[PDB]
Each structure stands twice: as structure tokens, then as C-alpha cells.
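A single chain, nothing else alongside it, follows as C-alpha cells in the form deposited in one PDB entry.
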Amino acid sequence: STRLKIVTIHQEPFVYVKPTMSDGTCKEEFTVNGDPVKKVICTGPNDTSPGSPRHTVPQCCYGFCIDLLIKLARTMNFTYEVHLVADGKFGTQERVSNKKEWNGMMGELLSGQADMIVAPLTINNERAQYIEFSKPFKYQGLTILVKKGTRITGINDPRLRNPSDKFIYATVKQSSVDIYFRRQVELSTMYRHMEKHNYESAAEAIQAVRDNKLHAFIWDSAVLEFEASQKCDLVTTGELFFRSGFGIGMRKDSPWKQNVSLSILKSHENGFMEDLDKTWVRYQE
């Protein structure tokens, strides 16, 4: 038929993004088990600043989600080409005008720029109205990343719930967390604080916590727990205050959607998913 267009996003440890070598190939490296790291060529914008042109260059992609893609493609016998989402975002629906539009990977999937989203993409009601999610390939939730020494009890801490400019917290723009805080009226005090400070990417937010420019970063525990395990000047605090899962994203009329979900279930059941967790997620402490 046709190769599937896969869209993904930079998000360690699920998707690492590195330059190609001079010859346009990806350097051969080996996991902490000694096995070769599987890499794919992924095209994506050379300039990631806001309001800038998005002309693309080939890059190298690897990680939990790329291992999962490779397994899915082998199981269901499709070929593919991977690219990084042009606007750098996961995807929310915003008012334009009385129209609404999806940005991020969501907008690319709905417009046909992608045929499948393979990424740490949170399953939620807002997105499921428009696309098909697989059964979750990862169960996780939200937690809070702070600089080591910062003491906040969790999501009910008064420095979050009664905020001021003395303690700044934030999440990633146009993400599922943005949606979560915008949706629940009981969180509106926090949402209004965060809208002044939200970051364009998780990596920029995490760096800002390290630089003491952001006092708390509210984000996916699968990512934040990994960050804390590698950067010992960072810690999570408060434990999961919400639970959510990541799923493969497809258009509602995709022919692949039944077997994608069955393969995810099979991989949880036979230990393949746990092997990916051992390889990419938990192995440091």
C-alpha cells in the first residue's frame, strides 16, 4: 500500500533525538544490557524557536517509543517513516473566530500529516473525541519536580493552591497537563498562575528548575521520575496526584487500530513492555 507516516516528539526516555553523523547515518551504540540500540532516521525542524520556519533535517531517534514502533511494525508488517512534530507540541484544541483547531501531534494526525502518533501521548477525553487511542502502553500519572531541598507536600500545598510570584510553578504549553488544569474549575487558581509561566517543552522546563528559574514543574511521572534518577539535584515530591496512561494514536478509521491494541496487550502480558521499562526507564536510582 503506502508506508505509514509516524509522528513523534522529543521526550526522554521515550524518544531521544540526536544529530546524524557526517555521513548521514546514526552512530552505533549499545544499551546498558550490552545489546545494540535500535535507531531510526527521523526528520524534523532545524529551528525550534517560536514563530520560526520549520525546514527539516534528518536526525536520529531512539528510546522506549522507538523500540515500541519497531516491534509494532514487525508484528503487523507495515513500513514507516518517522518525523518530529513540526510545532514541537503534544496537542490541544484551541479557539481560533468561532472555529477550534488542534495543534501538535493531534493536529498532524487529524490533517493527514501523520498516520500514527507513537509518543508518550496521554489518553484523555478531549482527544478521544477525535482520534482512536490504543489500550495504554504505559500506566503512569502526574507528579511535581522540584530542586533538591525544596519542600512542598504535593498538589495541595498552599504554595500551589494559594499562589504568588514568590513560588513559580508551570507545565508544558499545549499538553495534556495544560488541558487537565484548564478543565477542572477547582484547579482554576493554579491554572491562572501556570498560564503566566508555561514552557514550550519539557526539556526547557526541567532545565529551568535546575537553574532555579522555575520552582516546580508539573508533568508526567514516567518522565519526571526518570529525570530525578539521572539528575540528583532534582527530585519529585508528593507522589501521583492523578493517574493516566499513554496510548498509540490513530485516526478513528485506521485499519491498523485493532491489531495495534492487541499487540500492546500481548506485549504487557509476555514481558516485552517490562523489558522496555528495564532498558529505558528504571536502571539508575
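Heads up, when I say rigid core I mean the largest set of C-alphas that superpose within 1.5 Å between the two forms. Note that residue numbering begins at 1 and tracks the sequence as displayed.
Novice: Please confirm whether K39, modelled here, goes without coordinates in at least one third of the other compared entries that cover both its neighbours.
Specialist: Looking at the other entries that model residues on either side of it, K39 is present in every one.
Novice: Decide, for the other PDB entries of this protein that were compared, whether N259 is missing from at least a third of their models.
Specialist: No, none of the compared structures omit it.
Novice: In the PDB record, does 177-185 or 143-151 carry the higher mean Cα temperature factor?
Specialist: Result of the comparison: 143-151.
Novice: Can you tell me which stretch has the higher mean Cα B-factor, 246-254 or 39-47?
Specialist: It is 39-47 that shows the higher mean C-alpha B-factor.
Novice: Can you pull the Cα B-factors for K89, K135, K166, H83 from the entry and say which is highest?
Specialist: It is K166.
Novice: If you compare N125, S97, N103, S111, which has the highest Cα B-factor in the entry?
Specialist: Answer for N125, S97, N103, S111: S97, with the highest C-alpha B-factor.
Novice: Sorting by Cα B-factor within the chain, modelled residues only, which third would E28 end up in: lowest, middle or highest?
Specialist: Top third by C-alpha B-factor.
Novice: Rank-wise, by C-alpha B-factor, drop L234 into the lowest, middle or highest third of its chain.
Specialist: As the PDB entry reports it, the C-alpha B-factor of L234 lands in the highest third of its chain.
Novice: Divide the modelled residues of the chain into thirds by Cα B-factor and specify which third, lowest, middle or highest, holds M190.
Specialist: For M190, whose C-alpha B-factor we compare with every modelled residue in the chain, the answer is the middle third.
Novice: Taking the C-alpha B-factors as the PDB entry records them, is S22 in the lowest, middle or highest third of its chain?
Specialist: Ranked within chain, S22 CA B lands in the highest tercile.
Novice: Quick check for you: using the entry's CA B-factors within this chain, is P58 in the lowest, middle or highest third?
Specialist: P58: CA B-factor falls in the middle third of its chain.
Note that the form deposited in another entry isn't included here; everything after this is about it.
Novice: Which of these moves by 2 angstroms or more at the C-alpha between the shown form and the other one, core superposed: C42, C26, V260, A216?
Specialist: Shifted by 2 Å or more: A216 only.
Novice: Looking in that other deposited form, are the Cα atoms of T48 and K18 closer together or farther apart than here, the change being 3 Å or more?
Specialist: Those two alpha carbons end up closer in that other deposited form.
Novice: Considering a change of 3 Å or more, are the Cα atoms of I206 and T8 closer or farther in that other deposited form than here?
Specialist: So the answer is farther.
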